[PDB]
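Everything below concerns the one structure shown next.
So you know, we letter chains A, B, ... as the sequences are listed, proteins then strands, and number each from 1. Heavy-atom basis, side chains included; hydrogens, waters and symmetry copies ignored.
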Amino acid sequence: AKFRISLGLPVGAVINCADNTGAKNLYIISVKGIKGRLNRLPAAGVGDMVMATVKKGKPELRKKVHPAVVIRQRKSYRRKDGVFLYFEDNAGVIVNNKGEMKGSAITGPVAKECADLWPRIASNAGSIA
Amino acid sequence: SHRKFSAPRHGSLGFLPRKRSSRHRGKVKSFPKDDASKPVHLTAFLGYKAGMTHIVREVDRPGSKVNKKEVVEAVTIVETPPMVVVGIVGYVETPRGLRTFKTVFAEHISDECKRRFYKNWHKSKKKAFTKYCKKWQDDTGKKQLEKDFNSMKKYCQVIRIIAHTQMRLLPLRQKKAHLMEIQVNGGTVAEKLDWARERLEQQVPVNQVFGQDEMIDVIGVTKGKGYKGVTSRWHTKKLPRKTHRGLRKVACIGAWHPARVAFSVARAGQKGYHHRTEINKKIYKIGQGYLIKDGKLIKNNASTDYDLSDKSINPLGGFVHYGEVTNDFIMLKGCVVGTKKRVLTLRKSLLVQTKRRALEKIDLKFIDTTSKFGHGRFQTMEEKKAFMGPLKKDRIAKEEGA
Amino acid sequence: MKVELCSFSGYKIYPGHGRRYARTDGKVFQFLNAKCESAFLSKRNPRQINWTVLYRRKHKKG
RNA sequence: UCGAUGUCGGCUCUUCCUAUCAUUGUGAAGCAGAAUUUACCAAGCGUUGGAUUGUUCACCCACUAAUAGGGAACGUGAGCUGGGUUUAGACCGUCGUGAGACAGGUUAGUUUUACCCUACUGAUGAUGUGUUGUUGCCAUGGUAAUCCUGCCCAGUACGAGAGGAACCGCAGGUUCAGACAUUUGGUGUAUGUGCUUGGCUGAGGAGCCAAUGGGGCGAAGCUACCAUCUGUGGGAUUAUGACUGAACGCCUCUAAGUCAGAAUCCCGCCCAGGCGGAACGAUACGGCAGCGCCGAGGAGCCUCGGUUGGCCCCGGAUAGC
RNA sequence: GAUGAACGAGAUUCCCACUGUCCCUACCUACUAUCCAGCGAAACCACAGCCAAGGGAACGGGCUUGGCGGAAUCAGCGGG
RNA sequence: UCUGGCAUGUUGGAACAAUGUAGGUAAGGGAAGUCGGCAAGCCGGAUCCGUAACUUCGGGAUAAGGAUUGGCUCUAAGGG
RNA sequence: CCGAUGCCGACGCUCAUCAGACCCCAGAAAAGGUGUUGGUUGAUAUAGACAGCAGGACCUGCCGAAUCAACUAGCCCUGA
RNA sequence: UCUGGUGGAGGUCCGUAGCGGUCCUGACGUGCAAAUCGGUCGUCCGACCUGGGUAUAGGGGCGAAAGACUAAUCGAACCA
């Protein structure tokens with residue numbers, strides 16, 4: 001089971017797209033698993049499923065809602081064994097509902113939290129940080 | 001009309017009076033239920049909060065992602081020098097409740113315990129218990145004591161011990177001992193009284209009350225924070241920037257028709273210094289305290305069976321806003337109430353411990369001892385001297401000596 | 001229980017201290033504190049900062 | 001109610017109702033499983049983030065266990081806001097000869113006062129026990145936890161197939177609550193230590209001024225689901241399903257008499273602690289005194305009043321004693 | 001009537017940049033508020049001031065019936 | 001900062017609570033707040049490059065976008 | 001409470017896990033109950049009633065005296 | 001015709017003093033003030049700002065026009 005992680009990406013955040021589908025942006029519009037509370041924005045961290053829209057990218061996937069998974073984040077979070085880790089940028093990849101990647105390759109590192117939750121994403125990762 | 005969108009209320013009315021606690025020492029409001037089949041034992045103890053540090057251990061819960069993996073856990077150190085038994089209290093059960101039947105005190109009571117009986121010890125003549133003690137010596141008084149133990153034997157259902165902490169051994173400005181009643185559980189009332197009588201005037205170490213990897217309750221008073229607004233006291237939503245006459249307040253404090261402010265509305269007032277009882281705190285370690293053996297002082301507190309560093313639980317430079325810890329201590333997982341130096345009440349659990357988390361046996365691999373007075377990076381002074389090398393102050397001392 | 005070395009100061013990092021920094025190009029760095037972390041993010045050269053291990057090794061101070 | 005009860009909506013916050021969306025426990029189906037529908041106890045708990053609109057309403061996007069409906073002077077303006085409506089400026093259309101009208105559109109347009117009483121939040125205190133202190137008990141009031149994933153059960157039961165559960169158990173998370181800084185982050189006038197602009201002390205050294213000159217890194221402290229820790233047991237029972245069993249020679253959960261039974265209820269755990277008690281300790285300078293016990297021994301005085309023999313005791317049953 | 005460069009403390013929509021507007025609040029500074037010495041007002045005031053229901057000029061502090069009620073005060077507060 | 005002028009603007013002492021007035025800072029997001037980017041923030045000087053649509057040919061224009069900028073030691077040119 | 005039944009008052013009815021409790025007056029209807037109590041009408045039963053024990057398939061034998069149906073109206077209950 | 005200079009026009013632009021008064025619907029709102037204060041703003045060679053002296057007086061004046069102003073008084077001032 002996945003332990004709780006410091007969330008850094010609320011609704012409205014634009015993150016890089018690390019796959020090779022042609023999308024360059026992911027604009028987060030919602031997060032799975034979020035019941036929510038009054039006035040509280042849904043927020044996502046590494047390993048979380050989100051609905052995003054492509055703001056810059058190839059036209060055939062620009063004006064739609066896509067599933068995506070966050071693989072890197074700038075907000076430092078505490079792994080057990082007391083390690084605070086953050087990345088240089090926020091990133092995600094476009095996937096389907098079952099978790100399979102729409103792309104075939106991932107640029108840059110992938111957090112260990114998202115790799116363990118999503119084996120298909122991990123198999124496309126060059127490195128795990 | 002109805003609230004447009006539902007939201008749970010801010011705060012809990014289970015801590016409603018939200019005032020300064022009438023007591024500085026934590027109070028046991030319910031002792032563990034007595035079981036006569038169990039051996040005679042104590043149920044509570046008094047310690048002092050020295051500070052916090054973090055440990056490293058490997059966990060043993062099979063289905064977890066951290067199973068057989070090394071984790072870092074925050075802990076709190078509670079210095080617990082032995083307590084001295086000075087009295088016995090008997091209670092009888094009545095249809096109006098538990099009533100104090102008779103209390104008996106020991107012959108010699110130390111000056112630190114007598115200090116609790118005075119508001120100005122400096123001006124006092126120290127006459128407390130000077131006539132009571134003579135009863136332990138006189139033959140007529142001795143008979144009355146025996147009769148008073150016998151009446152307790154045949155009439156009392158609850159037996160407690162009056163015990164106090166030794167503040168000589170603590171690095172605190174205060175010299176006045178904390179007195180407490182600790183209930184005796186197990187056995188019969190006769191066996192409780194015999195147990196109490198024989199260790200009257202004696203010393204009870206903390207290892208005879210609590211054991212390793214057991215889950216205990218901590219009672220104490222919360223850190224004081226004075227007068228506070230509803231935004232900090234009750235965590236209400238801040239009003240917009242362009243609000244007239246104040247942002248940090250509750251906009252509507254009630255409807256028209258009940259025509260009164262209800263007790264359930266957040267108001268500004270005292271925050272902190274509240275009596276609280278947290279219930280599931282595991283004992284990660286029971287330290288041994290400094291002792292002199294063969295002319296050499298043993299500092300080996302907080303040396304695990306994986307580092308053997310020959311260091312003490314004391315961090316480099318000492319605990320901040322608290323002296324050195326030289327006595328027995330209890331290491332608890334997590335945080336506890338109170339400031340530093342705050343006296344804590346530790347009592348046995350009222351619940352039956354059966355979950356895996358409560359029953360698991362923990363074994364520390366490392367204990368952090370870096371300075372808490374900054375961003376400490378050296379565990380011991382010897383480690384720092386080896387890494388740094390000779391300094392100018394050492395060469396100056398060598399020049400002065402030679 | 002592995003102990004790391006700081007990527008800027010060369011100091012010994014104990015388990016519950018500091019932060020780890022993973023770059024987009026795949027390199028992972030360890031920082032003892034935010035003083036070392038800020039100097040690294042400022043592109044400062046540790047060989048030019050007096051209190052680093054690298055500076056003392058270069059200047060043969062030990 | 002017109003010698004004035006501030007007015008739409010939103011924001012904030014509490015409590016209440018149930019005509020129940022979900023969750024607990026059930027009954028029924030055109031209930032095979034999954035999903036769904038109908039009904040009962042039931043309001044403990046929860047009922048979201050956004051685009052457009054001044055809007056209530058509506059509609060769509062997206063998560064969700066669900067995104068139920070309402071009240072409290074169509075809750076809530078000395079709590080806010082002022083977008084709209086509702087003054088005076090101005091514009092258009094239509095109407096009017098005109099001044100001007102519009103239940104039509106548009107743009108700009110002062111939101112006052114609490115130090116009084118109560119209510120509520122905290123803070124001293126009060127009467128009593130001769131004084132004072134320590135340790136404690138409890139009346140009574142408050143009260144709190146909540147929901148969901150994944151693994152396994154199991155591709156199993158069920159089903160022709162397609163599909164496709166559940167109890168025990170394990171690992172976690174949401175919402176809420178109570179704390180807490182070991183660690184990460186924030187703050188930072190320790191005005192701590194470097195750097196730097198303008199000026200000033202003849203220059204160096206050392207400093208100062210620029211309402212905190214600016215900037216880097218910063219101890220302690222405070223603080224963030226932005227770090228960490230903790231959150232619990234019983235009783236009588238509801239709906240329901242039953243047992244024995246008449247009424248009513250059979251039958252019947254009901255009539256007498258029994259059983260199991262829950263997010264409800266009551267208590268516990270937790271918070272407070274009565275014009276409410278308890279056990280214990282010590283109880284007045286030393287030469288002037290006060291105080292305690294011996295029902296102390298009396299003699300007398302003032303004051304408040306009531307009353308005008310006692311019963312020192314089985315437990316109880318009541319179609320029996 | 002239509003249009004239109006330049007201009008506008010005029011009304012409006014979107015985009016980049018930027019941000020405590022917000023998620024979600026926190027810490028710091030000065031002046032207050034605070035307490036003290038000295039000085040020292042005003043508005044307002046039938047009497048006053050704890051509630052529930054009732055009836056009543058149909059929304060009571062007073063009346064009926066219940067709940068109950070303990071000197072003197074301090075800092076806040078905006079239900080009445 | 002000097003000449004000249006003053007005593008902090010009708011009082012002082014102590015403390016550093018809530019709320020406020022005024023001034024700041026803030027991790028990760030970056031208008032998701034709100035009627036509305038209101039408020040705040042970003043930009044900002046000079047030098048060297050480079051500047052669109054449109055246009056009443058005047059402008060738009062500091063359009064937009066980019067680089068440099070300290071201290072010290074020199075060199076060349078510019079006069080009576 | 002609150003003056004006055006502290007009558008050895010009379011006959012019945014009614015149990016409600018929202019009982020009921022007095023003119024105006026301050027809350028309930030249609031429709032229902034094999035709760036209980038009265039009442040009306042019809043019918044069965046010595047050749048043998050109604051039950052129950054079974055068979056043939058409405059009849060029989062075994063127990064051997066009341067039973068069955070419809071309706072009506074009081075209190076109580078559902079409707080609420 | 002093009003280029004480089006010179007020149008110094010403009011109810012020209014940035015922006016001091018001055019004149020004015022956008023937004024915060026900020027402060028204050030029994031005020032410092034019967035209209036003030038701060039930040040931010042408009043203009044700043046002109047249809048510019050300003051002193052003194054003069055003229056117009058109430059159904060009258062004056063009005064780059066708001067029923068504005070005409071001594072805190074204006075959809076006809078003040079005094080008796």
Checklist line | Secondary structure string for RNA chain H (Watson-Crick or G-U under 3.5 angstrom, | for other-strand pairs) | finding: .................(((..((.((........)))).)))..............(.((.......))...)......

Candidate nucleotides [options], ranked by approach to the side chain of [X] - the nearest:
X: A:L38; options: D:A227, D:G49, D:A181; value: D:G49
X: B:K225; options: D:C222, D:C170, D:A181; value: D:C222
X: A:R37; options: D:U175, D:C170, D:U14; value: D:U175
X: B:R61; options: H:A27, D:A179, D:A171; value: D:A171
X: B:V320; options: D:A220, D:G49, D:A62; value: D:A220
X: B:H275; options: H:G29, D:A272, D:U48; value: D:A272
X: C:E37; options: D:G231, D:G185, D:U12; value: D:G185
X: B:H10; options: D:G216, E:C24, D:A177; value: D:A177
X: B:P8; options: D:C13, D:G46, D:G70; value: D:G46
X: B:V337; options: D:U230, D:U81, D:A179; value: D:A179

Do [N] and [M] pair up in this structure? I mean Watson-Crick (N1 to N3 plus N6-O4 or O6-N4) or G-U wobble, both distances under 3.5 Å.
N: D:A62; M: D:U48; value: yes
N: D:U134; M: D:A317; value: no
N: E:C63; M: E:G54; value: yes

Notebook entry, point to check: Which groove does B:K29 get into, the major one or the minor one, if we count base atoms under 5.0 Å from its side chain?
Noted result: major

Next item on the list: Please identify each residue that fulfils side chain to side chain contact (heavy atoms under 4.5 Å, CB included) with B:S6, with sequence neighbours left out.
Entry: none

So what does [X] hit on the nucleic acid, given a heavy-atom distance under 4.0 Å: a base, only sugar-phosphate, or nothing?
X: B:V336; value: sugar-phosphate
X: A:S6; value: sugar-phosphate
X: B:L350; value: sugar-phosphate
X: B:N67; value: nothing
X: B:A266; value: nothing
X: B:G87; value: nothing
X: B:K27; value: sugar-phosphate
X: B:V230; value: nothing
X: B:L247; value: sugar-phosphate
X: B:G14; value: base
X: B:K33; value: nothing
X: B:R241; value: base

Is the phosphate of [N] approached by [X] (side-chain N or O, under 4.0 Å from OP1 or OP2)?
X: B:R347; N: D:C270; result: yes
X: B:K125; N: D:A282; result: no
X: B:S64; N: D:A171; result: no
X: B:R25; N: D:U135; result: yes
X: B:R245; N: E:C77; result: no
X: B:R3; N: D:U14; result: yes
X: B:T243; N: D:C11; result: no
X: C:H17; N: D:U183; result: no

Check: What does nucleotides 118-126 of chain D look like as a protein-contact string, B for base, S for sugar-phosphate only, - for none, at under 4.0 angstrom between heavy atoms?
Finding: -BBBSSS--

North or south for the sugar of [N]? Use the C1'-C2'-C3'-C4' sign convention, positive meaning north.
N: D:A284; value: south
N: H:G63; value: north
N: G:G52; value: north

Next item on the list: Please determine, for E:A75, whether a Watson-Crick or G-U wobble partner exists with both distances under 3.5 Å, and give it or none.
Entry: D:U121

Notebook entry, point to check: Counting only Watson-Crick or G-U wobble pairs whose two distances fall under 3.5 Å, which nucleotide matches F:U34?
Noted result: none

Determine the Euclidean distance between corresponding [atom1] atoms of [M] and [N]; express it in Å to zero decimal places.
N: E:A30; M: F:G65; atom1: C1'; answer: 44 Å
N: D:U118; M: E:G69; atom1: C1'; answer: 15 Å
N: D:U182; M: D:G216; atom1: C1'; answer: 28 Å
N: D:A108; M: D:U87; atom1: P; answer: 13 Å
N: F:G36; M: D:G54; atom1: P; answer: 8 Å
N: D:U191; M: D:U174; atom1: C1'; answer: 46 Å
N: D:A34; M: D:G163; atom1: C1'; answer: 8 Å
N: H:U40; M: H:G15; atom1: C1'; answer: 16 Å

Check: Taking the nucleotide of RNA chain D with the closest heavy atom to each, which residue, B:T130 or B:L351, is nearer the 5' end?
Finding: B:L351

Item checked: Most 5' of B:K228 and A:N90 on RNA chain F, judged by nearest nucleotide -> B:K228

Notebook entry, point to check: How about A:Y86 and C:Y21: are their ring centroids closer than 6.0 Å?
Noted result: yes

Next item on the list: For B:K225, check salt bridge (charged side-chain N to carboxylate O under 4.0 Å, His left out) against everything at least two apart and list the hits.
Entry: none

Quick one: are the six-membered base rings of [N] and [M] within stacking range, meaning centres under 5.5 Å apart and planes under 30 degrees?
N: H:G21; M: H:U22; answer: no
N: D:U113; M: D:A114; answer: no
N: G:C76; M: G:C77; answer: yes

Checklist line | Which atom of B:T369 lies closest to which atom of B:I313, heavy atoms considered | finding: OG1-O, 4.3 Å

Checklist line | Torsion-based syn/anti label for D:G46, 90° from 0 as limit | finding: anti

Margin query: Below 4.0 Å from chain B heavy atoms, what is the first contacting nucleotide of RNA chain F and what is the last?
Written below: F:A17 to F:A39

Check: Going by number, which of residues 105-120 of chain B have a non-hydrogen atom under 4.0 Å from RNA chain D?
Finding: B:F105, B:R116, B:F117, B:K119

Notebook entry, point to check: Does a distance-only test, which skips hydrogens and angles, find a donor-acceptor pair under 3.5 Å between the side chain of A:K75 and the base of D:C226?
Noted result: yes

